[PDB]
Amino acid sequence: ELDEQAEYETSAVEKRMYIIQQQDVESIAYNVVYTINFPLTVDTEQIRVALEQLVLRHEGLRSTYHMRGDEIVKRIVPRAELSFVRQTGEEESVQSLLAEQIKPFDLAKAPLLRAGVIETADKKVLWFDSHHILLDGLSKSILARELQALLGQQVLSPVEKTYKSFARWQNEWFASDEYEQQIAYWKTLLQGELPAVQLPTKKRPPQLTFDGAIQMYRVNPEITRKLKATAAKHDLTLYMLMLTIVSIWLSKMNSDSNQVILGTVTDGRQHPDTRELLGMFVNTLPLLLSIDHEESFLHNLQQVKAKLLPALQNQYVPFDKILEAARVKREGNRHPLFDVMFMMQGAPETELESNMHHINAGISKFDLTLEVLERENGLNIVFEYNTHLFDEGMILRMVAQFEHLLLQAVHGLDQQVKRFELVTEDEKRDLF
Amino acid sequence: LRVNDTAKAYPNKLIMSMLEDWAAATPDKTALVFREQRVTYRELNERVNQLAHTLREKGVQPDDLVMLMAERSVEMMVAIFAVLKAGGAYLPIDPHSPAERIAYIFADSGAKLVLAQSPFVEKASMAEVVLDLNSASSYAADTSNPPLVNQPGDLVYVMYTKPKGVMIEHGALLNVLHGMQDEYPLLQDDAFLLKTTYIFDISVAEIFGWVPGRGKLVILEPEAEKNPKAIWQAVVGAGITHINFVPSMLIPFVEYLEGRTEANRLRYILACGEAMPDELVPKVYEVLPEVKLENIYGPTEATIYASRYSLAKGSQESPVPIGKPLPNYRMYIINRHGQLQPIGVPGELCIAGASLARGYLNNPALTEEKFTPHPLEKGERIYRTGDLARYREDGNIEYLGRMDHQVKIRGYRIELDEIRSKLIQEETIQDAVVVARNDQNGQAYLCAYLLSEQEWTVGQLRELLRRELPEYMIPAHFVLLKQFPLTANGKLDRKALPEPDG
């Protein structure tokens, strides 16, 4: 634990978030929006009071980022005033009321969080808006968990560690032999020529756009259990299975390319003493997967496993460092190493977390993001796609193709991947 | 040689003397057209002579400031020409203006008497000598043309812009009426339409531009002021040949496209008052071929108009220039130190010549501030407009806007016209408004006001601007509108610029 300094160093990933936001101060691209449907019996002031305790409880909600010369620096404010607006409306105007709430953040101003309650005839909808530099995936689970405890009239043990302590530990760890060995793996892996994933898009904008939309494909609970049973039968996780299906899908849409590249997200909780801290820990990893179309689906699952484990073992090299080691920089109309993001988060830890609906405000951080979410014993396969690159009809087709391919893989484990069709029968009929 | 070689000798015979000859040579020729009224030259001239004597009977010497507040009607023409024949200057007032300003204008003007249409005598509160314009009492039976003691140096009208009154001499006006008539001859066959309110210098062109060629004047009704289809009827109905317009009013007028036709007689469209958009030039010609469109520029202190640019049908201008000056006009673009600017360099636009206004009425500290004896006019004074402009290679002047508007934010003083050109490229966006706003000191956030009935969220709007230009000129705020708000002047002003939302 660090001593009470006036100012602290920021982590490499905190530096990246700050740099990205300061390069487009008007961008709401990294706003993390969630909703929770509460019944009318809940007292809204209790929610307001509970959130104010979490503000006082977590330094992340009182953290302010500043630029001291060329060093991105963090200041800890002792007390911050939380904006809490109250509005009454109707279900027909919820989205309109929410759009007015989505405002840019001043990273130099605390708290980096706004909230409010939209009361309707049926529900009292709690809404809160945070920035990703503070609220990553696990942090939200920690927030939902502790808000439920407080609303349930329980007490919380004091937070043992602070984010700034992890920031210093990781900064000093960057100078160790272990880091030099991890970045050496990335140097040898990413030195040669890297594969490019070309998607059937419209003409690309000269510069990167972030307008997007979401389509949700629901894998019913029955199929989901068979997938889990298959993965467990052959010593595999559901993540490895879905990753291999996405890799094959991208491969087939890329003229059956032998190599595919796609990004993923690791929890980034390197030190075990950070599982309870609010903060942005998740690290982005590039996955160089090889799809042998002549081999069976199982053989590709083993190859993906063989390629994945080295990546997960060297997962704690910051993405910006991986860019440095690869002699690659952010240029042009493509994203640096990958254009497809594959995110995956397990089932909600609590009932409150289950009723949290991730609101996409028309944003796509990449060309396409596949976020498989275990929800209600099924799989919510969210297709986050760039609206300038795909029409609504184009994604509904790609989604239908992915569904058709997923159904062939579960029913054809021992079949060669080359035998799985991507084009649907309805597309053949209309072509004729 | 290329810009100010405008010396063209013109007859110094006064405007009413020209009116008199036309009534004496061709009495029965149709002179005015107000709905069913088709007054002839002999009918008009005599009614004018009636009102002239009662003004002379009430001590109207030259430079006498006669006030007027008669809305568009045949009585307006009778009032104007008679006040001109009497010898005094006619001072228009808007009947719909607050009483605090009419009392201010009258007090500051020191006018001797007021002629007002019958309803507007009570609105002219505490006016010393009020001869009701409509009542027959104010007209003397004598119809003999009064003697013209008015010289070219005496005031003809006083146009008010705490407002200020622009004192203008007679000969200054004659130079433009003969100037416009040379370029845009309004002959017997041809007619003019009265669309602009007569509290603005533009109207004086319509009011008098029909006498040099023995044309007719169609007194468009106040009911059809802002109504383009009603205006459009007057074009085909009376065969209007000259129309004065403003960049704002003509776009609705343009929106009635080529599908409508039968306007054979129309010759010229003279736009003035604002910088003309670029898209408006080719859009007009498809809607109305065989017609000459002209861009006009003229401050009130420069005798109605000052500059004109003839727009060829086969040419498209990237900036629409305000053009070259009129006959006997000389325009100068000087920097803040009072020396002439070269081609392309912005500077304060200044007009000089015989057509400069006498100055501001009983505001000498301001008159000498704005009408400064400049050495570039051989000691004669120039009117400092406060407008930024520049010359083209061929010499046509380009209007750039008011001073202290362009800000070197992030190190660029480039105009905002290129920004307005990319918004309208999308069919969902109708027009363009780019105005900077300073809500607080040190916090300046520019705002954009467009017209798109289709919904555009906050996130999508910033990315639409990315497909046009990089991220360094994007407006800090965006505003959704259903119709552009304008002022009562029929113009776009930054005063009617509200706060951003959505």
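These residue numbers run from 1 along each chain by written sequence and may not equal the entry numbers. Residues without coordinates are not shown. The order in which chains are written sets their letters, starting at A; the order in which ligands are written sets their numbers, starting at 1. Part of a larger assembly is shown; the reported values describe that part exclusively. Side-chain metrics in this entry use all non-hydrogen atoms of the structure; hydrogen atoms and water are not considered. Residues with missing side-chain atoms are left out of burial classes, side-chain pairs and their counts.

Deposited coordinates in this entry are attributed by the record to X-ray crystallography, at a stated resolution of 6.000 Å.

Here the PDB entry title reads "Crystal structure of a 5-domain construct of LgrA in the thiolation state".

**Concerning the overall build of chain A**
Helix numbers and strand numbers start at the N terminus; a helix is a DSSP run of H or I with at least 4 residues, a strand a run of E with at least 2. Each helix and strand counted, chain A has 13 helices and 14 strands in total. Radius of gyration: over C-alpha atoms. The globule rule applied is 2.2 Å multiplied by the number of residues raised to the 0.38 power. The C-alpha radius of gyration computed for chain A amounts to 23 Å, which stays within 12% of the reference 22 Å derived for 432 residues, consistent with globular compactness. Projected onto its principal axes, the C-alpha coordinates of chain A cover approximately 65 × 60 × 45 Å. When a residue's accessible area, from a 1.4 Å probe over protein chains only, is under 20% of the maximum for its type it is buried; when over 50% it is exposed; and in between it is partly exposed. In chain A, buried positions account for 52% of the 432 residues. For this analysis, residues touch if any pair of their heavy atoms sits within 4.5 Å. A sequence separation of at least 24 residues applies to 76% of the contacts in chain A between residues at least 6 apart. All accessibility values rest on the Shrake-Rupley procedure with a 1.4 Å probe; residue burial counts only the protein chains present in the view. By element, 47% of the accessible surface of chain A is carried by carbon and sulfur atoms, the whole surface being about 21600 Å². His is not counted here, nor are the chain ends, while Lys and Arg score as positive and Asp and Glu score as negative. Taken as the charge location is NZ of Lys, CZ of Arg, CG of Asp or CD of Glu. If the 46 positive side-chain charges of chain A are averaged to one point and the 62 negative ones to another, these points end up 2 Å apart.

**Quick word on helix α12 (residues 392–411) of chain A**
How far a helix is expected to stretch is found by multiplying one less than its residue total by 1.5 Å. Along its 20 residues, α12 of chain A runs 29 Å from first to last C-alpha, staying within 8% of the 28 Å computed at 1.5 Å per residue. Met394, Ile395, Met398, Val399, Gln401, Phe402, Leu405, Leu406, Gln408, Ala409 and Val410 of chain A are the residues of α12 of chain A that are buried.

**Overview of the nonpolar core**
Core analysis: the largest hydrophobic core is formed by 75 residues, its most contacted members being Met242, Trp249, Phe342, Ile381, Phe383 and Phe402 of chain A. Counting residues per element, this core draws most heavily on helix α8 (residues 238–253) of chain A, which supplies 11 residues. Filtering out sequence-adjacent residues up to four positions away, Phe402 of chain A remains in contact with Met242, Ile245, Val246, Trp249, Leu370, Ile381 and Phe383 of chain A. Counting residues in each nonpolar core, the second largest holds 61 residues, with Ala86, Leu131, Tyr157 and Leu177 of chain B among its members. Nonpolar cores are built from buried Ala, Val, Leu, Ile, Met, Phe, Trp, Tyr and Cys residues. Side-chain atoms within 4.5 Å join them into one set.

**A closer look at the sheet that holds strand β10 (residues 283–290) of chain A**
Residue and element names in this part refer to chain A. With mixed pairing, the six strands of this open sheet are ordered in space as β8-β14-β13-β11-β9-β10. Edge positions in the sheet fall to β8 (212–219) and β10, since each has one partner strand and no second. On average, adjacent strands in this sheet sit at an angle of 25 degrees to one another, irrespective of strand direction. Two strands form a pair only when DSSP identifies at least two bridges running between them. In this sheet, strand β11 (residues 340–345) lies alongside strand β9 (residues 259–266) in parallel orientation, the contact comprising two bridges. Between N-to-C directions, angles span 0 to 180 degrees; the directions come from axes that are lines fitted to C-alpha atoms, helices contributing only their stretch in contact.

**Section: the environment of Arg413 of chain B**
Residues and elements named next belong to chain B. With respect to the helices and strands, the residue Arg413 is situated in the loop between β20 (397–402) and α11 (417–423). For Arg413, a relative accessible area of 54% translates into the label exposed. Those residues in contact with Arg413 that sit more than four places away from it in its chain are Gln406, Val407 and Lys408.

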